[PDB]
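Trainee: This structure is in structure tokens; I'll ask about it shortly.
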Amino acid sequence: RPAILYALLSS
Amino acid sequence: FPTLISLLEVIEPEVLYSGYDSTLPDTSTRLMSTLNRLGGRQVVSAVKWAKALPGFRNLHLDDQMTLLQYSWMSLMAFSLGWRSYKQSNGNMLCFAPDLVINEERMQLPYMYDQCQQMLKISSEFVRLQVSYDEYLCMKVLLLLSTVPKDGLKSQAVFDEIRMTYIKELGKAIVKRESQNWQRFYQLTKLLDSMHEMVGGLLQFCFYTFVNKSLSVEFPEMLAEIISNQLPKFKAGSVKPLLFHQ
Ligand SMILES: C[C@@H]1C[C@H]2[C@@H]3CCC4=CC(=O)C=C[C@]4(C)[C@@]3(F)[C@@H](O)C[C@]2(C)[C@@]1(O)C(=O)CO
């Protein structure tokens, strides 16, 4: 899981 | 009140600058390094853009991630094609206002091949005389054009969102002066060919990423994305959604 991507997508 | 198309226009990210130091001659390694970092930051913008895109956040989170990871390159490449279109009529590559690559700078050994396929994208805007609104619509459609062979978690939500922006594209065409049918054929044909041309860019990219002996640096954002997306592409487990066969 791309952590930065995910972090962006969940506020 | 408000129209979808004016929402597209308003959520479109401002053009980012590269900070490239051109005091001393271009090295291909360090130009690619600078581009990758510009790239990371543009992807970060793309993520904020997509979150603001009506319908997108109805998708399952994992599906939001997948779409962004699968299409980031075609987004970045298309928007590059747009900046090169309006900025230099597709003559030069306008990566940023402070990083334009003309014929000379391209002659960098490693650069020429990749640069031609990027130039091929802007010439298409020139040839088809794509309007801003047409571009904005085609851009979301790229974000929704590359899916897992196994489909998405939110397939029916997805299918609908795709439909809406397909119709938004119809509207941008009609809005722009009977044969609107032909335009749609060409525009959707342009979207189709992106898969091929973006193919090559993604090839070089995985290459430069995989082959660490090359000294081409990637920011975390891209590295996380590439290293997750690579196995999926190599396993041939992703699929392009085409308008024509
Ligand atoms: C040919 C490829 C494709 C290139 C990308 C093409 C799309 C793009 C447009 C930009 O406005 C800025 C960065 C990117 C997103 C990019 F230009 C850089 O990241 C470098 C890149 C991956 C590449 O030059 C490399 O693989 C070198 O590492």
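So the protein lines, in turn, are chains R and A.
Last residue of the first sequence: 27 in the authors' numbering, with the numbers rising by one and none dropped.
With the authors' numbering as the guide, the letters of the second sequence map in order to residues 529 to 705, 709 to 776.
A virtual CB, placed ideally from N, CA and C, is assigned to each residue, including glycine.
1) CB A:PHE774 to CB A:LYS695, shorter than 9 Å?
2) CB-CB under 6 Å to A:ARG569, same chain, minus the five flanking residues each way: which ones, in chain order?
3) Using 8 Å as the threshold, is the stretch 620-635 of chain A in touch with the stretch 669-686 of chain A, meaning 3 or more CB pairs across them?
4) Decide if the stretch 584-598 of chain A is in contact with the stretch 755-769 of chain A; the criterion is three or more beta carbon pairs, one per stretch, under 8 Å apart.
5) Inspect the CB distances between the stretch 559-569 of chain A and the stretch 531-548 of chain A and report whether three or more fall short of 8 Å.
6) When Cβ atoms are compared, which residues of the stretch 604-634 of chain A fall closer than 9 Å to chain R?
7) For ligand 1, list every residue whose C-beta falls under 5 Å from any of its heavy atoms, going in chain order.
8) From the DSSP output, in three-state form, read off A:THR692 for me.
9) Mind checking which residues open and close the alpha helix (DSSP H) that includes A:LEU670?
10) Using a Cβ cut-off of 8 Å, pull out every chain R residue sitting near A:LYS579, in sequence order please.
11) For the beta strand (DSSP E) containing A:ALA624, name the first residue and the last one.
12) Can you tell me which of the three DSSP states A:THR551 falls into?
13) To the nearest angstrom, how far is it from the Cα of A:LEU552 to the Cα of A:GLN635?
14) Quick check on DSSP: helix, strand or coil for R:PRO18?
15) Quick one: is A:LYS765 near chain R, going by C-beta distance under 9 Å?
16) Going straight from the alpha carbon of A:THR555 to that of A:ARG704, what length do you get?
17) Going by CA-CA distance only, name the one from A:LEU647, A:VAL702 and A:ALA754 that's closest to A:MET728.
18) Going by DSSP in three states, A:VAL575 sits in which element: helix, strand or coil?
19) Exposed or buried, which one is A:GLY609 when buried takes at least 16 other CB atoms within 10 Å?
20) Any C-beta of chain R within less than 9 Å: which residues of the stretch 583-598 of chain A qualify?
21) List, in chain order, every chain R residue whose beta-carbon is nearer than 8 Å to that of A:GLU751.
22) What does the alpha-carbon distance come out to for the pair A:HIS726 and A:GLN713?
23) How long is the line joining the alpha carbons of A:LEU680 and A:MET752, rounded to whole angstroms?
Mentor: The relevant details are as follows:
1) As a position in the second sequence, residue 774 of chain A is number 243, starting the count at 1. As a position in the second sequence, residue 695 of chain A is number 167, starting the count at 1. Taking 9 Å as the Cβ cut-off, A:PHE774 and A:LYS695 do not qualify as a contacting pair.
2) Position 41 of the second sequence, counted from the start, is the residue given in the question as residue 569 of chain A. The answer, listed in chain order, is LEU544.
3) Proximity of the stretch 620-635 of chain A to the stretch 669-686 of chain A falls short of the contact definition, fewer than three beta-carbon pairs being nearer than 8 Å.
4) With a cut-off of 8 Å, the stretch 755-769 of chain A and the stretch 584-598 of chain A count as touching, because enough Cβ pairs lie within range.
5) In short, these stretches touch, since the Cβ pair count reaches three.
6) Residues are counted here when their Cβ sits less than 9 Å from a Cβ of chain R; for the stretch 604-634 of chain A the count is zero.
7) This criterion selects A:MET560, A:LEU563, A:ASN564, A:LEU566, A:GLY567, A:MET604, A:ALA605, A:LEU608, A:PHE623, A:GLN642, A:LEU732, A:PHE735, A:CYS736, A:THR739 and A:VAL747.
8) Working through the second sequence from its first residue, we reach residue 692 of chain A at position 164. Here A:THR692 sits in helix by DSSP.
9) On the second sequence, position 142 is the one that residue 670 of chain A refers to. A:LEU670 -> alpha helix (DSSP H) spans 660-671.
10) Position 51 of the second sequence, counted from the first residue, corresponds to residue 579 of chain A. Under the 8 Å cutoff, chain R gives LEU24 and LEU25.
11) If you number the second sequence from 1, residue 624 of chain A lands on position 96. Counting along the chain, the unbroken beta strand (DSSP E) around A:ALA624 starts and ends at 621-624.
12) In the second sequence, counting from the first residue as 1, residue 551 of chain A sits at position 23. DSSP places A:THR551 in coil when its eight states are reduced to three.
13) As a working mapping, residue 552 of chain A is identified with position 24 in the second sequence. As a working mapping, residue 635 of chain A is identified with position 107 in the second sequence. When rounded, the distance between both Cα atoms is 16 Å.
14) The residue labelled residue 18 of chain R in the question sits at position 2 within the first sequence. In this structure, R:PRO18 counts as coil in the three-state DSSP scheme.
15) The residue you call residue 765 of chain A lines up with position 234 of the second sequence. So no, A:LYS765 is outside the interface.
16) As a position in the second sequence, residue 555 of chain A is number 27, starting the count at 1. As a position in the second sequence, residue 704 of chain A is number 176, starting the count at 1. Between A:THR555 and A:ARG704, the C-alpha separation is close to 44 Å.
17) Position 197 of the second sequence, counted from the first residue, corresponds to residue 728 of chain A. Selected option, being the one with the closest Cα: A:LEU647.
18) Here residue 575 of chain A is taken as the residue at index 47 of the second sequence, counted from 1. In this structure, A:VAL575 counts as helix in the three-state DSSP scheme.
19) Residue 609 of chain A sits at position 81 when you count from the first residue of the second sequence. It counts as buried.
20) If the cut-off is 9 Å between Cβ atoms, the stretch 583-598 of chain A has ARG585, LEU589, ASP590, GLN592, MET593, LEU596 and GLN597 near chain R.
21) Working through the second sequence from its first residue, we reach residue 751 of chain A at position 220. Per Cβ cutoff of 8 Å: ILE20.
22) Along the second sequence, read from residue 1 onward, the residue named residue 726 of chain A stands at position 195. Along the second sequence, read from residue 1 onward, the residue named residue 713 of chain A stands at position 182. Rounded to the nearest angstrom, the two C-alpha atoms are 21 Å apart.
23) As a working note, residue 680 of chain A is residue 152 in the second sequence. As a working note, residue 752 of chain A is residue 221 in the second sequence. Separation of A:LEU680 and A:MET752 (C-alpha to C-alpha, rounded to the nearest whole angstrom) is 23 Å.
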